[PDB]
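This document opens with one chain alone, in structure tokens, the form deposited in one PDB entry.
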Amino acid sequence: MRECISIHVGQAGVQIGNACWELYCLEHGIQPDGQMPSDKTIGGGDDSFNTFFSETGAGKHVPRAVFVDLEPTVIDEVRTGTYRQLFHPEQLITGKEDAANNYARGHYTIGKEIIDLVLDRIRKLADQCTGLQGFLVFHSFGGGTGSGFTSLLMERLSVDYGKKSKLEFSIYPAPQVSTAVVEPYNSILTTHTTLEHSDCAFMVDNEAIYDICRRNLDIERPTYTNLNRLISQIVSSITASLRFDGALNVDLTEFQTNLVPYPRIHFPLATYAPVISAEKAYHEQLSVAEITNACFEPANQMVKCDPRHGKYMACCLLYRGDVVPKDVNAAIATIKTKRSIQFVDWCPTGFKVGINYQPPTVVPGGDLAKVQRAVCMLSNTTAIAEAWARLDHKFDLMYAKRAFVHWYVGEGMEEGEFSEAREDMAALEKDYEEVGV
């Protein structure tokens, strides 16, 4: 048992972290006040769920989570929500003035007024761990705090926890729910400064989740509530191997071994199936071969890109529910022959399979229907470079005219950092081009 500390930065990271911990408690059978009746040992244990929850003397299970934001509006909802008694109150840290969608405010000026307080609170959770293995960092790309403060936090965590792993859950900006025009700037800036401090980053394209909510869930105008309930359902499938017994991705190091062949191209693509509306409670239960074929449809991916236009470097299939292992092998053998799926020449064209025999849990009030079996595919494909290309183009259109740049240099930031960050993004695109022969 190796503990994992989750860090939620900004409104996107806090609200998504709020939905994830609500789902974690339902999966593990943890009451909103922290009591777990099926927990045999009281006051401390060594089970798999202890990696995400610590235990107090009175049987209370407290998440190993930190919530940080430069303004208190969003975190105050966690302090008064259904799970208000679940988190350590000192793990809910808020400032008074936010970063105003400015990377420089979150990283240089406003962000430095609270960075040391966050590290001391993280150190308090880290001292309660017998074997800390790393951190899960939730944040957005376009927000000032989600981009500026996160890159500042990742730099400091590499100093105090150099050997520990660092995994991101990043929110890729989408124009349908974008709140700022300078989000392409903040996305390229925080990617350049965090690229060397993050071992594995799972991008969540808000546009991809937005379309899935409209198509598969029949939601006319999706909101953050609908997006976060589907995002948390995918984050739960990714982190299920850390919270339950299993054989695939049992620790944060194995994520890099199975998904990150080279440290710069550490952006896996996630795919979830099936996404069935709760209005169709009597739907036809899909087979293992059906949900496995759905993992290669571009309409089910968390990032808008075409994997048929790229080559695979790794591929992990995480199953949950009534899934017989022989049906997985048959479904994979058909896919290796039927679909034109191309691996790179230097990787063993195989599939890592991990099965959790408990069906996925649905949140009461959610938009998802109960399913007997689901699958989350984690794959490192070069086709995800299309996502970087769309961001870099929007960056290049504004930076050529130097639009909005004065907001960044006015908050203590050299203008040359824009070109340094942009050049690093150009090098990242070539890394994908040099692999996809």
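Only residues modelled in both forms are compared. Just so we're on the same page, rigid core means the largest C-alpha set that superposes within 1.5 Å between forms. Counting begins at 1, following the sequence as shown.
Keep in mind that the form deposited in another entry is missing from the display, and what follows is about it.
- Note: rigid core superposed between the shown form and the other one; among 170, 292, 191, 249, the CA shift is 2 Å or more only at 249.
- Once the cores line up, the CA of residue 326 ends up less than 2 angstroms apart between the shown form and the other one.
- Shown in the overlay between the shown form and the other one, fitted on the rigid core, is a CA shift at residue 345 smaller than 2 Å.
- Relative to the superposed rigid core, the position of the CA of residue 159 differs between the shown form and the other one by less than 2 Å.
- Cα of residue 249 to Cα of residue 325: at least 3 Å shorter in the other form than in the shown structure.
- The distance between the CA atoms of residue 325 and residue 251 is at least 3 Å shorter in the other form than in the form shown here.
- 246-256, 278-281 are the runs of at least 3 consecutive shared residues whose C-alphas each shift by 2 Å or more between the shown form and the other one once the core is superposed.
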